[PDB]
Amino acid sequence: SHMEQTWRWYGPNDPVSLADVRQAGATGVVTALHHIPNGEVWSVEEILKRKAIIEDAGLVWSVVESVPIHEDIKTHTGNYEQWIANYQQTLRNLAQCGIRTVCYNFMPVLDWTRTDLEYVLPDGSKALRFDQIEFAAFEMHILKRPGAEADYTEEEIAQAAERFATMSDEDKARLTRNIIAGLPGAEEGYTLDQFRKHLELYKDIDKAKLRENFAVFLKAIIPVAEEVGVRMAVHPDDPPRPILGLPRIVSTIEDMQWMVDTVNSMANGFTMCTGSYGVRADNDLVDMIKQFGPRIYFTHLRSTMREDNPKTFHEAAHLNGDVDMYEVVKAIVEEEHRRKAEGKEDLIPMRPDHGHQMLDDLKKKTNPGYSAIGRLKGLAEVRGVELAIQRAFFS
């Protein structure tokens, strides 16, 4: 009702129109200039061109998601100094156009990851899924990483061998593309060969080293962001665990605390993605919002469901997964109200994040799972929760 409701739109080529977005009830668009090569500067011209298309629909461009961080920055090799300079200028250009929140990630090599893009739920709709056994089969029988066996239980290894033996040639190709070619929003894509040689750049890069590389980026970017009035909102790792022998360093509350200890400026903040942090049971989403609320500048309000094997998860309906959506929304609303009580008034934009593929969308070739109807449904569910919390606790 008063909640700042936003919606990820990929641009003119997105099958979801800006009319669909408005009818969904979003007043704000989340988007990026996806066509601009990784690490190059986003010109004012390109920015204003996207901004105008959105304003034309009677919407506003609320959040950027994402400005990509070149791999040379994450490995701290090659042209990193130039890429950082460009990233800085992108932020200058963005703020000059009046776009003041930037979402970004530090997932190395791979972005957000799923093994199955078309998992049929009992109601007949389709969800994204991360099957631990599918993923083990990829790592040990397709990628053949040495020695990936250390990331798995004996039983999972036996199961991975069995699943692989039932896979068709095309099952194996699809699994591979699913994992490495890039899902919607990802700024990197690989063939198996490209992927395998890219992993080698990380043979001497452990958790501590990646943190060091991230620190170089933050200390360079945050002062520019602060100077220019832009707030940075880091998106967590998805899944928030180390995969493929590579570290993942935006997964837990310790990692969030590390980021604040590294750069104190308020320009250094967070995207509270409940779908991603919520994958692992040990993340206390509500505590995360209580502790880091002042720095939460963007939320993704979706939910996942862990299965019998707790590393296997699929995307749930927004109110029926592992995320206690009531408690999460309550904490966000309480954060917005303390801002208001400290004198300001500074809402936290939300987007429904992912949706199931359902109704008309089942007959379409869709961006997984950025189809419209499922995302509309999640948006509406969360709208309702938030409105009732406003009336029950803040009327």
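Residues carry their position along the shown sequence, with the first being 1.
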Using only the Cα atoms and their B-factors as the entry lists them, report which of 218-226 and 176-184 averages higher. 218-226
Which has higher Cα B-factors on average according to the PDB entry: 141-149 or 239-247? 141-149
From 102, 253, 109, 73, which pick has the Cα B-factor that tops the rest in the entry? 73
Highest Cα B-factor in the deposition, which of 327, 45, 336, 353? 45
Against its chain's modelled residues, does residue 268's Cα B factor rank lowest, middle or highest third? middle
Chain thirds by Cα B factor, record data; residue 6 belongs to the lowest
Taking only the Cα B-factors deposited for this chain, tell me whether residue 315 sits in the lowest, middle or highest third. lowest
Within-chain third of residue 29 by Cα B-factor, per the entry: lowest
Cα B factor band for residue 135 (lowest, middle or highest third within the chain): lowest
